[PDB]
């Protein structure tokens, strides 16, 4: 972990004299060292590490060789700090964390917050909270993705009901790692959420209070402003105007008997996010390596037969939209079908969605937490009567 990030986290940390201080996934124990330097020696220092090659603590700390996620210590902790591992547990061809099926089963048994594919860092957070004494403190640096994503809804709700939470946005602070990070300071007492921005100087990071949600129950966390609130009440949410569906996935296309790996007569490309631009679709260029008869597309998704609005999923945090006039097969993106009794003006709605006001709105709210516009961000986009109207 970069030293300025450690120093900032250590500035947020507290323990009583003689308190038990833990660094999970400790390796050589950079957090233990920095905490001792800053606060003195009258604490019980413990580090937990799975790799024998990595555990290298000073003799004033106790080292334990264990999978932190399945470790059952005798006593609870006053302070838990550090940098959990980040990564989805799954097959090596697609995912970075590789464990026996039987171990993954033990994680799922252990963690009430485990949802969908989940992530080591979520499980590390839940484990840490469970190991805290009442009034205990944890301070972790983790990806920002938990503030917004469905996979982390149980985690947000768990935190909300277990104690009080402060979130400090750092962004892309790991050199040569593609992750936007936050610090979480959790205390196992009280309630509420405090959101903080930071400014980095030579001197280190400085927290700036952004907003407080004293009655937080685990809702998505956003950077809201007076302007984002004004826009949101200006119109109907997009999700009330449209059914929002996703493209059929690559394997469905690949095994479909009408799909081909080479162009040919009557054959059309299966479109991806690279075919979608602000306000238009490139129908000619193939980016998927897949081709099919256009008329057979409805066999994968019924809505492929009907011209409709498409919104991008993987262009970062922004709103890129086009009207698919032709009704082609897509491998990617959101597909929005108007609900019963909805009147639309496709041309002007697309213009509004691609507008600078809209790009600013989403960048404000969701910064760079994830490299997507997700469904939960998309369903909340405001649409005023000129563009779309539910009668």
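Definition used throughout: the rigid core is the maximal C-alpha set that superposes within 1.5 Å between two forms. Residue numbers count along the first chain shown, from 1.
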Fitting on the rigid core only, I'd like to know which of the two stretches, 194-202 or 207-215, ends up farther away in Cα terms in 5 other deposited structures of this protein.
194-202
So, in 5 other deposited structures of this protein, taking the root mean square over structures and residues of the Cα distances after a rigid core fit: is 3-11 or 380-388 the more displaced stretch?
380-388
Can you let me know which of the two, 73-81 or 155-163, has the higher average C-alpha B-factor in the entry?
73-81
For the C-alpha atoms alone, is the average B factor greater in 40-48 or in 362-370, going by the entry?
40-48
Between 126, 91, 212, 219, where does the Cα B-factor run highest in the record?
91
Of the residues 228, 317, 119, 288, the one whose Cα carries the largest B-factor in the deposited record is 317
Ranked C-alpha temperature factor of residue 324 among modelled chain residues, by third:
middle
Residue 180's Cα B-factor: lowest, middle or highest third of the chain?
middle
Please place residue 150 in the lowest, middle or highest third of its chain according to the CA B-factor in the PDB entry.
middle
B-factor third for the C-alpha atom of residue 191 within its chain:
middle
Give the position of residue 383 by CA B-factor within its chain, expressed as the lowest, middle or highest third.
highest
